[PDB]
Amino acid sequence: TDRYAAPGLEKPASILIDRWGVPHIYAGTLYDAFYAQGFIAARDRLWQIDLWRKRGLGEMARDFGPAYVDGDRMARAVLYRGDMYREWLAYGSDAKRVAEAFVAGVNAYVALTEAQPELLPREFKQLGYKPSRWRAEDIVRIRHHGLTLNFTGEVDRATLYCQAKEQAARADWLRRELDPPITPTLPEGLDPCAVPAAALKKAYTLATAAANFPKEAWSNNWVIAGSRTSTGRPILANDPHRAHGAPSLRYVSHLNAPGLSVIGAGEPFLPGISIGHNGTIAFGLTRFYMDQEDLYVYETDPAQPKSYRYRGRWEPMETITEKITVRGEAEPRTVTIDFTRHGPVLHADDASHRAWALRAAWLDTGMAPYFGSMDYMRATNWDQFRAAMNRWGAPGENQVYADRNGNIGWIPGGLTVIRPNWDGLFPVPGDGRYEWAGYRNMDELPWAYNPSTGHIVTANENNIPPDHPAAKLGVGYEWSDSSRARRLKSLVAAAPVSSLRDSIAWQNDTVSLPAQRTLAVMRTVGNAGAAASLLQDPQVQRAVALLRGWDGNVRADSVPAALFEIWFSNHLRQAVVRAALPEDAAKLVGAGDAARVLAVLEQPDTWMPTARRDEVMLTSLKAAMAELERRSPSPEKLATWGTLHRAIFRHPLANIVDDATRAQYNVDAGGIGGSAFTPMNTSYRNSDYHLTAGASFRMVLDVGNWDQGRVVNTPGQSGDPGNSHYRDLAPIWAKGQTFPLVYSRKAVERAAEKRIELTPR
Ligand SMILES: [Ca+2]
């Protein structure tokens, strides 16, 4: 038992940390639970949460030097600047008391590190600075870490339309799948060539990218009704697919107080729980892609470049002044930030009298990511959960719902822009001809409650029914590849009665529908023309032999899997694109959209002759086979997919510390199966196939028999590299295994390994 003073805490609070590193918080008052959550979040993840706050408020340069000034300036440009009275009330009715309690707990732990420097996290020692104190408003004003779109897509699409002109729609069809597959409409008044991609992306990255330390400066979910489970009770599963790292993106915790009994995960800097259950209802999420960013293009006064044309008048930009403290400079830099009425100015070119601003719904009221969970942490039925989702802001999400009374449900939510006269897939001129007409009420989106089929699966695909009214409202056209959704829907529908173990297995599924679709095309390649010549090549034959007996299961011990991932990521698609498009467009498209390239492979008709399709397939397959042989120890002992596909959890400082320190900061869990397209999403980088993203936190819940719920996180619950909970969960995660999400007192007491005691002072 450890005992600490808790100034600002109302009543004694106790925390039991179980043997997997999950803290279980027992407080005597409602808001004390969040005080304790802040203390414990700081105890485990202080450096991580301090860094998020430091990046969000634009205070990086204060400690990391002049290389960080531009990022600090752009970070402050995308802080919430709106009405704070409305902001506090956007998430439910008591969000301000919650945040204030949470940062009082964080601040108590920060004060403790000042009194007991042995508790100071080692990244602070390494880099020569100290953690800050927090204010409650920090929690809601930081926005730029929320998943969003589609500024980048608008920029890429306009850039393509500019360079390819008459061939634009043809090339953009390969570049990005739309669902529903509309023809994008270049807005009246927009010159696609007046969108400088490099300059705009540089500013957007500076405003939004996570903290970076370069050497130069130094989802699936589903819910199943009791009629279809082995338990007779609902089952709810969720594995978000996000960037991997050490420490992990999300953090598992458990909060108990009068009127509060919620367990699950969220980002460790945010109060409350956004994925999990509260002993009555359960909830999990996957991205739902409402278009929440438009790029606005302005004409500026040649006599006054800080003025832009709006409704026939010259309207002045709002200019604010910021002071940025810089390590090694005695005076703070004085910088300015310009805004139009629509948002922060990203870039200006006074030669062409043009400026560009980001109109981001996530800069409006209520868009602190996941903080709408304030209003459903305590919901006890569907009416309350559906109501809480009315005010859900960011990111756009599918929520699946279940409760211990046997109900199951689904409701997507997120701030939804109404564009009366453009489709949001291109930038618009900002002179008033293109204006958001407000926001949709969430009752305009589809939902389901106890559907007849007894199951619901969501996985980032467009799940708006085409005959539902929302399908015509322009909610969004850019969704993720639907392979995971089609695969999990097959699996769930094919299992009349399933267990928790079945749902855990489905989270670990590694069958790739893109692989199966490509193999199906391969088995029709014609032994004629240029293909017949390649079919006499030994290297081609060895690859054809490897693929001809593979079922598309991307297992870690599969050599055909290694061949396919090399082929499908770094060779095939690029070759198909170059064969189908002129060079300039093909260079911009690169590997293009996987679903759209597969469709071309399956129907090459208007893109290339069938014999050209075969020749490209074999030519790129030969090159992929050569790469596999170069990456294998000998051409007789070929590398398995797991041999290449390494699960390394990278620390933000890995590149600026020595080799011994990098081994302690990074966590290597070895080789793994899967790809971006398998339900067990293990996304990778193309340079060396190392893991970059996928499920870290996973959960499968027995809804009603709560102690039977199963979860994992990776690499661990602790952010302290010296702690065994820094890296103890990665081997469990790597085996597709879970540990119990203990919930009842006896179960929490049974699994407890450490007790922490907080005393008011
Ligand atoms: Ca848009």
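For the reader, a short list of remarks on this structure follows.
- Å³ per residue enclosed by the Cα convex hull of segment 387-477: 115
- With the charge dipole of segment 214-372 set up from +1 on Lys and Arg Cβ and -1 on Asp and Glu Cβ about the Cα centre, the Cα lying farthest toward the positive end among the listed residues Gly343, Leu295, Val262 is that of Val262.
- Loop-located trypsin sites (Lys or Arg not before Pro) in segment 326-375 (DSSP state not H, G, I, E or B) with no more than 16 neighbouring Cβ atoms inside 10 Å: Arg327, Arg341.
- Farthest toward positive dipole pole in the chain [+1 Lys/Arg, -1 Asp/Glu at C-beta], among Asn463, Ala611, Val577: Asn463
- For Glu461, neighbours were defined as the other residues whose beta-carbon sits under 12 Å from its Cβ, and their charges (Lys and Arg +1, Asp and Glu -1) total +1.
- Dipole magnitude for segment 411-511: about 240 debye, using +1 per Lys or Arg Cβ and -1 per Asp or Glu Cβ, origin at the Cα centre.
- The magnitude of the dipole of the chain, with charges of +1 and -1 set on the Cβ of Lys/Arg and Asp/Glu and taken from the Cα centre, is near 1200 debye.
- Across segment 422-469, the volume of the C-alpha convex hull divided among the residues equals 123 Å³ per residue.
- Taken over segment 36-84, the convex hull of the Cα atoms encloses 84 Å³ per residue.
- Structural descriptor for segment 232-295: relative contact order 24 percent, calculated from alpha carbon pairs under 8 angstrom and at least 6 residues apart.
- Local electrostatic count, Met680, Cβ distance below 13 Å [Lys/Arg +1, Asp/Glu -1]: +3
- By the compact-protein rule of thumb, 2.2 N^0.38 Å, the alpha-carbon radius of gyration of segment 274-369 corresponds to a ratio of 1.58.
- Whether segment 122-240 is rounded, prolate or oblate, judged on the alpha carbon gyration tensor where a/c under 1.5 counts as rounded: oblate
- Taken about its Cα centre, segment 142-280 carries a charge dipole of about 380 debye when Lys and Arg each add +1 at the Cβ and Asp and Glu each add -1 at the Cβ.
- Globularity index of segment 325-427, i.e. its alpha-carbon radius of gyration over 2.2 N^0.38 Å: 1.62
- Cβ-defined net charge surrounding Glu629, 14 Å radius [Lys, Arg +1; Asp, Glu -1]: +2
- Remark on the chain: Rg and Dmax equal 26.4, 84 Å (Cα only).
- Inter-probe distance in nm under a simple model that places probes 7 Å from Cα toward Cβ, at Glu749 and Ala611: 8.1
- Beta bridges per DSSP with both ends in the chain, % antiparallel, nearest 5: 90
- Share of pairwise Cα separations in segment 240-286, more than 17 Å, in percent: 35
- Size descriptors for segment 512-617 (Cα atoms only): Rg and Dmax, in that order, 13.5, 39 Å.
- Zone of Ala330's modelled label, taken as backbone nitrogen in segment 52-77 under 18 Å from a point 7 Å along Cα→Cβ: 66
- Relative packing of 187-194, 292-299, which averages over residues the other C-beta atoms within 10 Å, highest first: 292-299, 187-194
- Of the residues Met74, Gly474, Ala647, the one whose Cα sits farthest towards the positive end of the charge dipole of the chain is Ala647 (charges of +1 on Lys and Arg Cβ, -1 on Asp and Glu Cβ, taken about the Cα centre).
- Cα pair distances in segment 391-439, grouped into 5 Å bins until the bin that holds the longest one, percent each: 5, 16, 18, 15, 14, 12, 7, 5, 5, 2, 1
- Sorted by Cβ density within 10 Å, fewest first, the residues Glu397, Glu461: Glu461, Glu397
Note that each Cβ is placed from the backbone with ideal geometry, even for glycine, and that neighbours are counted across all protein chains shown. Throughout, read-outs are computed from the coordinates displayed, never taken from laboratory work.
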